[PDB]
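These notes concern the structure reproduced below.
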Amino acid sequence: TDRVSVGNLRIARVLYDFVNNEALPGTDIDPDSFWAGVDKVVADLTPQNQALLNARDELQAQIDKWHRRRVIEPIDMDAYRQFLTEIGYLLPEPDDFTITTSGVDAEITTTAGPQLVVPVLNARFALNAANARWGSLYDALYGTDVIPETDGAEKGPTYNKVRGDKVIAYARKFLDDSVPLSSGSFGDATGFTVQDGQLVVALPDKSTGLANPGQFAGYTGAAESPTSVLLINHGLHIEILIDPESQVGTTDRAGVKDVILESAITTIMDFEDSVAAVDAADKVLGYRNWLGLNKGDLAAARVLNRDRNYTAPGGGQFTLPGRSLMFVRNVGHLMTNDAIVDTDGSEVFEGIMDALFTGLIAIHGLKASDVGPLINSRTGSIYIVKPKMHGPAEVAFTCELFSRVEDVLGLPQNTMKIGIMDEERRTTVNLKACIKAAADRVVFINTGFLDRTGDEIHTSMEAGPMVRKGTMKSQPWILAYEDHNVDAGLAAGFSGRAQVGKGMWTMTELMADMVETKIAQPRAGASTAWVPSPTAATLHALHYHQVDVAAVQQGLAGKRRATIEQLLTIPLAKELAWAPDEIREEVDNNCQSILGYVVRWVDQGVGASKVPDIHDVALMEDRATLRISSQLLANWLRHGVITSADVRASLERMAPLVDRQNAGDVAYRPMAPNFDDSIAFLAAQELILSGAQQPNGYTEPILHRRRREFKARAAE
Ligand SMILES: O=C(O)/C(O)=C/C(=O)c1ccccc1F
Ligand SMILES: [Mg+2]
Ligand SMILES: [Mg+2]
Ligand SMILES: [Mg+2]
């Protein structure tokens, strides 16, 4: 073997070397103490981890049997609730309480704004995401469909001034609505000066100041003719860049070159559903990127931005963070990984490893980067998103795991904070108890609605055929789940203490649609919501300038807008819901999305890909969207909506279409015509045909097996 013996563990040499040579130096942790701690924490917590997974299986078996024993009309909700209560699925609601989490940075406790999620194994994307704390509004408007490409306003190879003027006018309207002038419009501004600590905007006839002078936050250059003006609205910064010599500035009435928005306030560096990491080599690539981010010296085929310097309105130099405040999303409780095996050859639980290793690495972001000031949390916290938890015992386990890791690392208790994903049904219906179990560590709750939809289908798999995938988004259960999450957070005192977050916008090119509709999330009292790209971060920032999330949350206090009956409304399809063409469209759409995602996962180790759907809309796919598609098809197959020939025909029909979409790259192995020779095609087939048998419908068991299979065959 190429393994290292520490107690009962056998550690892959690449991981042992990375920890000793790269992660531990600078933390003052004795390497011998660290590895003995790994051994002891793994030994002590693995039994409870396994017991929690077995409890999931026990509950699901009882629910399967309950549906198979019934024949009655729709579900008697009264009997169903009583059943869930007796089996320990629906637990009592605890008494009211307020969270006690302390030592948390303002970006989380106070600032409302976008949250970006990026795969940590892609160093270039991760750097762009950390740098996405500031983003050009002109770039985001000019380069997307927010400004429609109508006659004369099209994008070309060179600058289209008619389009640029549309961008400029959009941004002037944004300034008027966000930081209004005492009189007149930013559209008519001819210049900016700082006078007696106040901003003066020259108009063609008069001069004017801000309606609220307190929104003037600073400037660069001389007050007499500043190079930029810094504004603030709803806690988010806006920077007007002034340069008449620039390509855009020469066309502008005031010499304005750009408007920069504070955009991705926080970023989640993802080890979970957006990356493919099936062995120690893969995990070390991710850990090393996470280390470079926390030490400040990650650099790609591109570097991290330093902080931004300003002058205060009344004089004085100050700084603003140039980087998004970073979370790391660990994997959840299910999977093991052979990066470490025990003496019997059993793989070690991956979530326990992630806590030890990402927590160790995060110490570097609490201290000075040599490449200047410390990178991440000035208040002394480590921010870990913990996904796919099922109910409050699983949250309490994560808390104990973090407590034990803090001890190994020499950190104060409760340094390691938890972003709780509300993305499994047994968490949703016990959410108050889940928050209480983490009441001194929780820094957000977030509706991971895609995983939640997969869990909805799997939990009630035996109840009957579910509605189509696109219908799910508007079903009663999910609207109740979204309001219930906000209600629980606000009642636990999250306002001013923790984030209340909502889910990802997946249509990466439909930015006009995103700007039109994602405003719903801050209007519902979410202090953050997930975006797929720095560009979408800048555009979603617009929504927090329009919506006073703090005011909305205060207006929601005390309201209880979702009942348990609503939360438990299973999304079963009605009698004769679909024509044959609608059933075929659903199968074809789901098969193409499964194939387009899985082929890059298995053959190239890419955990997130833009995959065009049956309507040619580019969707960002990750494991959760796969969980939905495979579970829905497994459910339709289980209840006779479609046949096994329908499934095979759809996969074979969509496969060469996916081959075409990928013809452009060197590492692509086509699936057609020899389908059963493609490990990726077989993986996609297995996710559907074995989907009903996977634990809680999770995709990782199959995906990890098939990726490792592919790696092994490519190695011989
Ligand atoms: O809704 C969930 O379950 C969830 O966690 C969201 C995501 O993982 C995600 C989905 C698409 C693209 C990137 C992403 F990070
Ligand atoms: Mg999820
Ligand atoms: Mg306001
Ligand atoms: Mg099962």
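Each position is counted from 1, following the chain as shown.
Backbone N, Cα and C define each Cβ position, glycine as well.
What Swiss-Prot lists as acetyl-CoA binding site is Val117, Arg124, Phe125, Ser274, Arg302, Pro532. Among the features that Swiss-Prot reports, glyoxylate binding site is placed at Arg329, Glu423, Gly448, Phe449, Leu450, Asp451. Per Swiss-Prot, active site, proton acceptor is recorded for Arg329, and the stated evidence type is sequence analysis. Annotation source Swiss-Prot lists Mg(2+) binding site at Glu423, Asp451, citing sequence analysis. Look at Swiss-Prot and you will find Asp622 tagged as active site, proton donor.
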Among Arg124, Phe125, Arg302, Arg329, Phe449, the binding-site residues whose C-beta sits under 6 Å from ligand 1: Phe449
Cα-nearest neighbour of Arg302 (acetyl-CoA binding site) within the listed recorded positions, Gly448, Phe449, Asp622: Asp622
Cα separation, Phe449 (glyoxylate binding site) to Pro532 (acetyl-CoA binding site) (Å, whole number): 15
Nearest-integer angstrom distance between the alpha carbons (Cα) of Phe125 (acetyl-CoA binding site) and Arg329 (glyoxylate binding site): 16
Gap of 9 residues [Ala301 to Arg302], endpoint C-alpha distance in angstrom: 7
Site extent for glyoxylate, whole Å (max Cα pair distance, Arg329, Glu423, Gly448, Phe449, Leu450, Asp451): 16
Cβ neighbour count within 10 Å of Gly448 (glyoxylate binding site): 26
Using Cα positions only, nearest of the recorded positions to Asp451 (glyoxylate binding site) (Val117, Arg124, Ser274, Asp622): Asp622
Those recorded positions in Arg302, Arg329, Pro532, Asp622 whose CB falls under 6 A of ligand 2, listed in sequence order: none
